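Let's start with one chain on its own, the form deposited in one PDB entry, as structure tokens.
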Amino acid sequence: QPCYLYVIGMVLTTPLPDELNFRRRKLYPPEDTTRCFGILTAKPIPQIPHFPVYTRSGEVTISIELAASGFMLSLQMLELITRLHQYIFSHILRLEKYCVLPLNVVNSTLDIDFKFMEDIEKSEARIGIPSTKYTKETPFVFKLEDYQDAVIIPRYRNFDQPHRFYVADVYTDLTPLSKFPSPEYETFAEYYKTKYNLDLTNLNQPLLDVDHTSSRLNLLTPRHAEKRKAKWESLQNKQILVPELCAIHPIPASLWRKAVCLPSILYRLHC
């Protein structure tokens, strides 16, 4: 059966304006990273007009364009594409339900990203918290570049259902020896040692700012006892995390952002 390959093109046509940026976030135009999502089908998709999704960075125009058609794909790659499609909806978006898949340029030409897919399948941070053994002779090593476009997960808690945070900022002027925001602890180091019996091998690493990854499923409209949830969500966002204590997720942050738009788009397309 011949295939049709469609790109879910994405542009931030209207950036979030000041009076709407209450949380004072950075703006993230999806068109600043080449990797993105597309749709694979056994039957073509009728020409649908441009429609908006409303994101934290503002108004993103969605566009479904045909990449290729009438081609064949090996059963092997189809099994790969399908496994990925399932991965994004159950493990990445945590939902319950032809094929959605990542695309990326080859060197202007956009194509199915099989390498990136095999990477995800090979990651030991694809599903849960991985086991990493830092000692004095093999201390945690900080690579600033690995934290430029990342989603992270605390290795030390929430084993059942791990949290995922966007790295919002890297604070080069802080260390695990920096003063703790709460008085009962002098330092982050002491805090993680006192509370979680955690020891650090690297006392010179910058600390990380974080932003929660969760969002509502429907973004077709702008976001413009519940008090207890607001206080909690606020402290969640104000958390400062130690890089050594977190695992980096194989899905980069700029693609994680595009992925949370997907239910809004599939739902729109099929209605």
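From 1 onward, residues are counted along the sequence shown. Between two forms, the rigid core is defined as the largest C-alpha subset superposing within 1.5 Å.
The form deposited in another entry is left out here; the points below concern that form.
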The mover among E79, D146, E124, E118 between the shown form and the other one, judged by a CA shift of 2 Å or more on the rigid core, is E124
Shown form as baseline, in that other deposited form, CA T55-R126 shift of 3 Å or more puts them farther
Output row for the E124-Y87 CA distance, |change| of 3 angstroms or more in that other deposited form, reads closer
